[PDB]
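Reviewing the structure listed below.
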Amino acid sequence: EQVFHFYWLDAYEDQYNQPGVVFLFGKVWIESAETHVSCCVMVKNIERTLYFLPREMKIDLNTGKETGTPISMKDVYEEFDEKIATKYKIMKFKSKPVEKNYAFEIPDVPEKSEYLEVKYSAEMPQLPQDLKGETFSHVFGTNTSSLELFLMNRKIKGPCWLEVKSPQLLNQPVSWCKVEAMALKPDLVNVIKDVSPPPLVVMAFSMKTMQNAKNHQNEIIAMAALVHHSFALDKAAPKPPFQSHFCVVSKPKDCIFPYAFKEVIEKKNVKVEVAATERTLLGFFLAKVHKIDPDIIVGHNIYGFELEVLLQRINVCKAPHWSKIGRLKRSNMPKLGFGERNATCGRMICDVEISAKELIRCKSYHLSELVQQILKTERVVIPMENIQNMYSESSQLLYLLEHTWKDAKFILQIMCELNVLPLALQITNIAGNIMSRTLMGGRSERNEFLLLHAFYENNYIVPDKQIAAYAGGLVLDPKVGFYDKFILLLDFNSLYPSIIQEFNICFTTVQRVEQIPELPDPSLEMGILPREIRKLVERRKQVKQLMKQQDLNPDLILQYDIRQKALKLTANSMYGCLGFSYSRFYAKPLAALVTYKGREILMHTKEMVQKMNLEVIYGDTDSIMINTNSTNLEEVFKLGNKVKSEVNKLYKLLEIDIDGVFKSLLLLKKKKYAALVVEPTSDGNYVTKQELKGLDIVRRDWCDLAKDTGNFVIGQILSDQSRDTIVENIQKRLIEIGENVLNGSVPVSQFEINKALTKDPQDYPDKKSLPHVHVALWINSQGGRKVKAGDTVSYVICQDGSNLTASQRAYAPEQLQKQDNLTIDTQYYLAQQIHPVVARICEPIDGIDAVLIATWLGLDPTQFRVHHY
Amino acid sequence: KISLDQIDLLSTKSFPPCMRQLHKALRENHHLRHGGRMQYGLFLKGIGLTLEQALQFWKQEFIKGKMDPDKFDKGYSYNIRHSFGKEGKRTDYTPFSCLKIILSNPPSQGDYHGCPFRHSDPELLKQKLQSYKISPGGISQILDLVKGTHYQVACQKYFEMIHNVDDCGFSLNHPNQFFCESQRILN
DNA sequence: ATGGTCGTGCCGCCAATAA
Ligand SMILES: Nc1ncnc2c1ncn2[C@H]1C[C@H](O)[C@@H](COP(=O)(O)OP(=O)(O)OP(=O)(O)O)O1
Ligand code: SF4
Ligand SMILES: [Mg+2]
């Protein structure tokens, strides 16, 4: 007959508009053109499935009377046939009995029983979720989604090569793709595994807005994009990352182009087209997108501001064929990542900001910060108001266009360096969900889909969709002080997954109905959850084994570290999802049991270590710090090996390792310490590298000057010099800092304080007492670029002269040099930013106190202690 | 009625030794703990001081401690106002009874409030009474009563032989009552 | 839209019962 291969990448459905249909988009292979082109395939006649649980004894709907006659399967079939179907207008259906297993929170259900499986087309209406009858007690799967049902029936795990049997032509085209196909029923779709993924097309673009002066409105005047035609998802990023580019610029309205602009464009001879009005630019961009036909669109802040503004401009300008941005033919677009996702159906959207937030923790998530950190380069920021001024000179317009092109290139380079696409593809292929949803972030969806696949593969029934709370970890009491001898640190490898595998914690094994359920019997077989977490554990172990390879590229090591951290986070999120109240698999008792087992393990380890006449000073739910009180590395290494062997002798799956050896440790409080880590290099020699954990310096809500002073103090304290000289050095440094602060030689950029926003700025009732929300309000009201939830705000405290409190005198850094009555409040920074950090850091050591710090800094000691004369 | 220039004399003449010690501690250290602050504020309200003079005295004493007025205003002005039933529930409070001061909320290190006849050590109480020009016979009687778990009658005898009266004529249940009885005879 | 434990900086609020 006829059969063609297919490689799907995305899916889409709409129950309200076209029930019982799923759209699949992807790539196809053409021999004549020897290249891959976009294609779409339609699958129809997707039918719902229902499971009726028969009642062991029928009961009337008035008093629950049982006559005495046992209930047979045919009785349930007749009850469904002559009662349910007639009332809800069900015409044609197919029914047959099957066997299923239920092991979830719904009670009054046997573990193994027969069910009445009835199937009918999605066109007929939907039965109520809580239907009850004479012969059946419950009904399952009333409102299952068509896409989910198709995916679980055909056993598809992420992108893969698909084979369509008996394709059918389409009378009327429905998509902008080159090739289309139609399948009558989902039973004709099969999956193969032994074909490498084909290359894809990646498009990166960015735009520059412009706020109208006459009325509060924004318009787009410039735009550029970069396109690569042979991007590969199974290898490294290609060099160069791009192969073609284009850019278009248009005037806002009132202003006209500078004279001889076209002559300068011809002199430059670059693929730049000047557009008369906004409509021409929008039409050109829409035509270019259709002609190029990209598969992945990558940009910055696409979901938050770019896509909504673009769609609004298209709507107000009434550009023809708005659907060309997506891959489907539609007439009216929705409006609120739901509305944007619906609008961009058929094309994958990747945001660099979301990926950066998910993978790498940084001080800020602006484009300039991302370029400064990931690429180690500086990006010039053009002020928004100056756009109008620079529109009268050809050179300034060319500079703006080049800046836009450079921004697009920076975005593409960041995306290629972070290796977001292969990681997302691997995560999707592991979980089995839609990969386009993976790029949106979040961990609940991946775990839910993984558990759904695991339960479906093992012939189970999954719960239908919907429409502090328990004891957690345990942290020992620290011994605050300063230590000079070698300090060990023993850590557990994947503590919670190891506990789950060891104790066979699973839904099927643990019996449950604020009490901790008893452990399952060891004779029972392994549960689904340990067998599913073992794959993630093995994958992480394989990645670590690849890490252990010597002589690797510096960037490859960082990429592997990112991959292994993502895998570890994904493995850990499985336990966390068990305590999510909104999760589909919510189960508090399992989380309570695993936390209790972890606490018991920690206590037993601490007691058994204490039994060997060793000092334990700290530990956080999986760790133990031992004060060996020695000075030679050989003896402490031997003792650590002996303790590791003694610990590992007891258990079968849990393991313990020497995470690190410290040379000197300063412990302040819980989850707050700093120490030198010993790393061997060669010939038995070792080097020391400083590190911090939980101190105030690593936080983002402190001025950079205080952070630098604290870092210097920590470095001086942990050194091997005599205790007398470090005090003098700290005193001299503090005196110099105090002199410099009052002198005014310190740069303004060192006084910035960064804070994050949880809710919208208009949702804060205490705006009069919160400085960051006040600065956000000011920048939103009197500025351009808008700040929303999840953004970061930088503010500086300045002297205003209004006799107000410090919390109400915050200002934007750009607001300082613009005005004249604002100046840096040196007293606040020297008395509430530098002094507290230094006083807290030097508290455990002797010879340094708050009064001495105040005297050294040049402040007035008549407030801190004094009193006694 | 009561001004700022005779509070020291009143403490030395009419106030019981506990509140005299609290006043001396406030004068010298220019600071007090929560128990002493509450006890002194309630007593000053009981004797007849109003909001304005109490606020003036407290802020003047805090200036002698060398903290800025804004710090005091945002730290303890609210507490002082609430002590007078002028904020929150606006419920007026009764000064702590002598029984509560003797028994309830015992002082700790750094606290100068409470009954000296029960909390202060007798060896330091000896020099304290020497500083109060107390006769040795009265000191011996007070020490004997303290050893006999007698506090109310001990302070009664203290008032008697500091007031040049053989019999006080009242039952000790409140330091405010103590001050009022002292003033009834003195004035 | 993964779980819990820990600390640091801003605010407002309370106790009391003779005569
Ligand atoms: N982000 C997280 N979400 C949920 N649980 C977490 C998270 N981080 C840690 N945990 C829990 C589960 C872990 O078993 C336990 C200890 O974590 P941690 O010490 O970071 O690593 P780990 O014991 O899983 O092994 P590894 O050292 O190999 O990363 O704390
Ligand atoms: S008996 Fe009462 S009034 Fe006398 S000293 Fe003790 S607490 Fe003060
Ligand atoms: Mg205080």
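Chain B is numbered as in Swiss-Prot, which gives 270-456 for the residues shown.
According to its header, this structure was worked out by electron microscopy, 3.3 Å.
Yeah, the Cβs are placed from backbone N, Cα and C, and that goes for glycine too.
Listed in Swiss-Prot:
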- B:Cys287, B:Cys367, B:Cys384, B:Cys424: [4Fe-4S] cluster binding site (BINDING)
- B:300-442: region 'RNA:DNA duplex-binding' (REGION)
Centre the Cβ atoms of B:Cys287, B:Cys367, B:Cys384, B:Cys424, go out 8 Å, and tell me which other residues of that chain have a Cβ in range of the [4Fe-4S] cluster site. B:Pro285, B:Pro286, B:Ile370, B:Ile371, B:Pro385, B:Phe386, B:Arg387, B:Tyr420, B:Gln421, B:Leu441, B:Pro444, B:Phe447
What does DSSP assign B:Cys384 ([4Fe-4S] cluster binding site), in three states? coil
Taking the Cβ of B:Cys384 ([4Fe-4S] cluster binding site) as centre, how many other Cβ atoms lie within 10 Å? 23
Counts by DSSP class (helix H/G/I, strand E/B, coil) across the region 'RNA:DNA duplex-binding' (B:300-442): 81 helix, 0 strand, 62 coil
DSSP output for B:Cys287 ([4Fe-4S] cluster binding site) maps to helix
